[PDB]
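The structure under discussion appears below in the form of structure tokens.
In this analysis, Cβ positions are derived from the backbone assuming ideal geometry, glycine residues included, and neighbour counts consider all displayed protein chains. Every number in this text was worked out from the coordinates using simple rules, so none of it is lab data.
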RNA sequence: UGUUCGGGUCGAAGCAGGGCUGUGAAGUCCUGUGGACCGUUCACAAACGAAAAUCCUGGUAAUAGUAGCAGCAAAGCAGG
RNA sequence: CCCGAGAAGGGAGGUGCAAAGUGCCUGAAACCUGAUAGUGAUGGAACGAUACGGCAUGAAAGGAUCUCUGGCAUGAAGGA
RNA sequence: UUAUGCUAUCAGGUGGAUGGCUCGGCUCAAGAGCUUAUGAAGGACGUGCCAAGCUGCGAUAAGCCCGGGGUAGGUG
Ligand SMILES: [Mg+2]
Ligand SMILES: [Mg+2]
Ligand SMILES: [Mg+2]
Ligand SMILES: [Mg+2]
């Protein structure tokens with residue numbers, strides 16, 4: 001009931017003033033959208049439902065299309081990243097055994113994917129506007145996505161590295177693969193992850 | 001409520017300043033007196049203000065010409081301001097004392113600037129008929145003078 | 001700096017634009033000089049009885065596409081070059097001095113601007129606003 | 001409607017500003033005006049007055065499913 | 001101790017502003033010199049009146065002296081040597097912040113001080 | 001807001017006045033002030049664009065040094 | 001320290017990167033005071049658009065086969 | 001030295017817009033959910049060295065006692 005908890009009445013005609021409601025013991029307008037302290041015409045409402053729907057077939061089809069986009073060097077290259085490897089990058093299953101961030105950094109350096117991590121680290125920069133006061137202080141960058149077949153300690157080791165997002169095969173969606181609706185995200189797979197995708201999204 | 005800057009900045013080498021802060025006088029009468037005394041000398045200005053307070057001399061009122069008839073001698077409408085004259089006299093005394101503290105010669109100095117800058121207003125009230133109260137306010141004035149050793 | 005390459009047709013078009021844009025009105029809203037609440041941008045007249053909207057010759061001139069400049073030399077600087085606004089020292093390589101002249105962005109600092117101007121002086125590119 | 005299309009139009013696509021007052025610029029509320037002044041529209045929409053026939057209870061009735069020989 | 005569910009600036013500044021006065025003793029924290037940290041095993045410590053500090057930031061980089069007073073509510077300490085002058089001329093202590101100082105000599109007189117530093 | 005590339009104490013936003021570009025909504029640069037934040041590619045949203053409602057709130061003109069400071073009890077002067 | 005009846009206020013002189021001088025960040029317009037340019041006590045009004053002149057300015061961001069004055073070659077409609 | 005004025009810009013006064021900041025507001029989700037004749041919620045009055053308002057407290061009156069945590073200052 002914002003702006004409307006009032007008992008204002010109009011003065012009618014003959015008083016030499018406008019026809020807006022006023023206070024009962026004064027001449028101050030109230031309750032109307034163009035009066036100071038009055039309500040707002042057409043504000044947002046908590047019962048508005050803003051959820052969207054996408055059919056399961058076309059959602060799976062989009063996910064497959066985004067997964068197949070990481071094979072193309074051109075889409076990955078022009079999208080922002082920096083890499084010196086042969087797409088796609090596939091790793092042996094011991095990658096899920098790594099438990100210290102230093103080991104993951106050693107692997108990334110040896111696989112030619114550490115300059116993207118450094119780019120994401122140094123690209124972190126303060127946001128402009130009213131977003132700073134509400135919790136969104138920085139603007140981040142997206143480096144690399146690591147995919148593992150099953151939960152292992154690798155999801156805890158390659159977790160603090162800047163930009164890197166590590167997930168299992170049963171947790172892939174379209175945000176992870178198309179940040180900002182642009183496919184071509186650098187990613188790493190393993191043999192188990194390749195095994196999980198025989199008929200994963202078909 | 002605070003200090004004030006000046007609309008003219010003469011070089012301190014040959015210059016004297018002074019300000020009257022928030023005087024409770026009419027800004028219009030003070031405007032007319034300030035218009036009359038600008039450009040004269042210090043001693044001539046003080047003598048003229050003495051003769052004005054004595055009711056022996058009339059200041060010509062050119063912009064605010066209402067409420068007045070024509071005076072003797074060669075002029076149209078004019079009055080005999082008193083309170084504004086005394087306030088301006090005090091400010092002139094202070095300016096001359098400052099100039100003589102600077103080591104300059106007051107007797108050969110000119111009023112090269114005298115303006116008014118009306119300040120804040122204290123909002124009073126006066127009760128009318130039929131239950132309405134219209135405002136009556138205490139207007140204030142700021143007086144500024146600059147003396148210089150050049151014509 | 002590289003001499004401009006205005007071939008004769010484009011030079012003719014450039015002089016034509018100079019004359020035509022010389023004889024072009026200001027396109028100011030109606031009655032903007034009689035009130036102070038109104039700024040001096042353009043709004044389309046909208047009342048039905050208004051004299052300007054009814055196209056009286058003395059009221060001014062309405063905005064229409066007939067005043068457009070030639071398409072070959074649209075947007076060029078009056079010196080004849082095309083200006084690109086530079087906001088980093090990684091964009092002077094994407095410029096050719098034959099017809100483009102850079103315009104360093106307003107908020108660039110001092111030593112950044114000094115480095116940009118050194119690389120531009122060596123590169124042969126002409127700089128519109130350089131403090132010299 | 002496209003609100004941004006009408007910034008600076010005043011009437012916003014309604015004609016006079018004397019239209020778009022309330023329910024009297026629509027002829028009544030709901031399907032109001034059955035046969036006095038909306039009779040032609042009432043007949044064309046599919047809202048003609050009348051009652052025709054009866055209904056059997058849904059306990060006894062059935063709706064058979066069909067399949068052709070082809 | 002306020003976990004990662006306090007990532008909102010309003011909450012953090014409320015916590016630091018309206019704090020219980022036994023939590024404001026923790027904000028008087030300052031780094032230890034190398035010997036102190038390698039003999040107590042705590043990377044930092046709290047500043048208490050009577051110990052020698054070495055200023056590290058500001059107008060007095062490198063000047064040493066004792067701590068002449070500490071105020072919990074203000075959040076600032078006072079140090080020997082670091083002063084400001086009045087217009088008429090009178091040397092006055094200038095408040096600092098304990099995160100701009102380094103502790104080089106601890107003042108052990110409580111007895112409970114050693115336990116208070118660590119564990 | 002998501003994403004790509006950036007600027008700023010060797011001076012950001014904002015404000016006053018100017019040069020150039022665009023048919024225009026407007027953009028960009030220069031000078032004075034100011035003392036800490038602001039943009040941009042591709043997309044998506046909205047508590048999104050004011051000259052008018054005897055519009056609302058605040059500030060402030062002219063009228064104007066004007067009316068009033070008389071009507072029923074016209075009260076003061078000298079000396080200290 | 002000087003003026004002032006002064007716990008008013010002003011001047012000089014200091015603090016501070018910077019007066020930011022106490023309801024003290026920035027500090028717009030209306031409105032008011034002064035200065036500068038043009039005009040002005042024989043003069044007719046929607047306060048302006050277009051062309052030609054006087055006076056004042058034209059540092060930056062605008063021009064240098066550009067501005068001014070002329071010669072020569074080709075010249076559409078028209079054409080003495 | 002053309003007065004009373006008109007137009008434009010600049011310097012100052014008044015005023016408090018714009019920008020930047022913000023221990024406040026609002027909405028959703030997860031928890032938790034009775035108290036009082038052993039005198040409640042609410043109110044009046046009092047209570048501070050200098051103390052008017054609010055907050056706390058009750059003639060033991062910005063307060064007293066015990067156990068734990070905390071450590072060098074405290075007096076909303
Ligand atoms: Mg409200
Ligand atoms: Mg008065
Ligand atoms: Mg009455
Ligand atoms: Mg308005």
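Restricting attention to the range A:152-167, the residues that are without any contact (Cβ under 8 Å) to a residue 24 or more places away in the chain and over 12 Å from residue A:101 (Cβ atoms) total 3.
Each row is one residue, and each column tells you yes or no for (1) within 14 Å of another protein chain (Cβ to nearest Cβ); (2) touching a residue at least 24 places away in the same chain (Cβ under 8 Å); (3) within 16 Å of RNA strand H (Cβ to nearest atom); (4) surrounded by 11 or more Cβ atoms within 10 Å (Cβ to Cβ).
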position: A:46; (1), (2), (3), (4): no, no, yes, no
position: A:63; (1), (2), (3), (4): no, yes, no, yes
position: A:81; (1), (2), (3), (4): no, yes, no, yes
position: A:90; (1), (2), (3), (4): no, yes, no, yes
position: A:113; (1), (2), (3), (4): no, yes, no, yes
position: A:140; (1), (2), (3), (4): no, no, no, yes
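Among the residues that make up the range A:25-39, is at least one of them within 30 Å of residue A:173 (Cβ to Cβ), more than 9 Å from RNA strand F (Cβ to nearest atom) and within 40 Å of the chain's Cα centre (by Cα)? Scanning the range A:25-39, I find no residue that is within 30 Å of residue A:173 (Cβ to Cβ), more than 9 Å from RNA strand F (Cβ to nearest atom) and within 40 Å of the chain's Cα centre (by Cα), so the answer is no. Scanning the range A:142-158 for residues that are under 17 Å from the mean Cα position of the chain (by Cα) and either within 14 Å of chain E (Cβ to nearest Cβ) or outside any strand (DSSP E or B) (or both) turns up A:142, A:143, A:144. One residue stands out among those in the range A:7-24 that are in contact with a strand residue (DSSP E or B) (Cβ under 8 Å, 6 or more places away or on another chain) and more than 10 Å from RNA strand F (Cβ to nearest atom): the one that is farthest from the other protein chains (Cβ to nearest Cβ), which is A:8.
Selection of the range A:166-191 for residues being in contact with a strand residue (DSSP E or B) (Cβ under 8 Å, 6 or more places away or on another chain) and either in a loop (DSSP other than H, G, I, E, B) or surrounded by fewer than 18 Cβ atoms within 10 Å (Cβ to Cβ) (or both) yields A:167, A:172, A:176, A:185, A:186, A:191. Out of E:49, E:37, one residue alone is more than 14 Å from chain A (Cβ to nearest Cβ) and surrounded by 15 or more Cβ atoms within 10 Å (Cβ to Cβ). It is E:37. Exactly one residue out of A:129, A:135 is more than 17 Å from residue A:189 (Cα to Cα), out of contact with any strand residue (DSSP E or B) (no Cβ under 9 Å at 6 or more places or on another chain), away from chain E (no Cβ under 14 Å) and free of Cβ contacts under 8 Å to residues at least 12 places away in the same chain: that is A:129.
Does at least one position in the range C:61-69 carry a residue that is within 30 Å of residue C:125 (Cβ to Cβ) and more than 14 Å from chain D (Cβ to nearest Cβ)? Let's see the steps before the verdict.
Of the range C:61-69, the ones within 30 Å of residue C:125 (Cβ to Cβ) are C:68-69.
Filter again for more than 14 Å from chain D (Cβ to nearest Cβ), leaving C:68-69.
Within the range C:61-69 (the criterion being within 30 Å of residue C:125 (Cβ to Cβ) and more than 14 Å from chain D (Cβ to nearest Cβ)), the answer is yes, since at least one residue qualifies.
Taking the range E:11-34 as the range and being in contact (Cβ under 8 Å) with a residue 12 or more places away in the chain, surrounded by 14 or more Cβ atoms within 10 Å (Cβ to Cβ) and in a loop (DSSP other than H, G, I, E, B) as the test, the residues that pass are E:24, E:25, E:27, E:28, E:33.
Residue-by-condition table, conditions (1) within 13 Å of RNA strand H (Cβ to nearest atom); (2) within 14 Å of another protein chain (Cβ to nearest Cβ); (3) within 15 Å of the chain's Cα centre (by Cα):
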residue: B:3; (1), (2), (3): yes, no, no
residue: B:9; (1), (2), (3): yes, no, no
residue: B:18; (1), (2), (3): no, no, yes
residue: B:50; (1), (2), (3): no, no, yes
residue: B:55; (1), (2), (3): no, no, no
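Do we have any residue at all in the range C:109-131 that's within 14 Å of RNA strand G (Cβ to nearest atom) and more than 20 Å from residue C:1 (Cα to Cα)?
Residues of the range C:109-131 that are within 14 Å of RNA strand G (Cβ to nearest atom), as a first pass: C:113, C:117, C:126-131.
Adding the requirement that they be more than 20 Å from residue C:1 (Cα to Cα) leaves none.
The answer is no; no qualifying residue exists.
Of all the criteria given as (1) more than 18 Å from the chain's Cα centre (by Cα); (2) in a helix (DSSP H, G or I), the one not satisfied by residue D:60 is (2).
For residue C:1, the conditions (1) within 7 Å of RNA strand F (Cβ to nearest atom); (2) closer than 29 Å to residue C:128 by Cβ; (3) touching a residue at least 12 places away in the same chain (Cβ under 8 Å) all hold with the exception of (1). Among the residues examined, residue A:101 does not qualify as more than 24 Å from residue A:202 (Cβ to Cβ), touching a helix residue (DSSP H, G or I) at 6+ places or on another chain (Cβ under 6 Å) and surrounded by 17 or more Cβ atoms within 10 Å (Cβ to Cβ).
Please enumerate the residues belonging to the range B:64-110 that are part of a loop (DSSP other than H, G, I, E, B) and over 28 Å from residue B:151 (Cα atoms).
Start the filter on the range B:64-110 by keeping residues that are part of a loop (DSSP other than H, G, I, E, B), which leaves B:64-69, B:71-76, B:80-82, B:102-105, B:109.
Within the range B:64-110, B:64, B:65, B:66, B:67, B:68, B:69, B:71, B:72, B:73, B:76, B:80, B:82 qualify.
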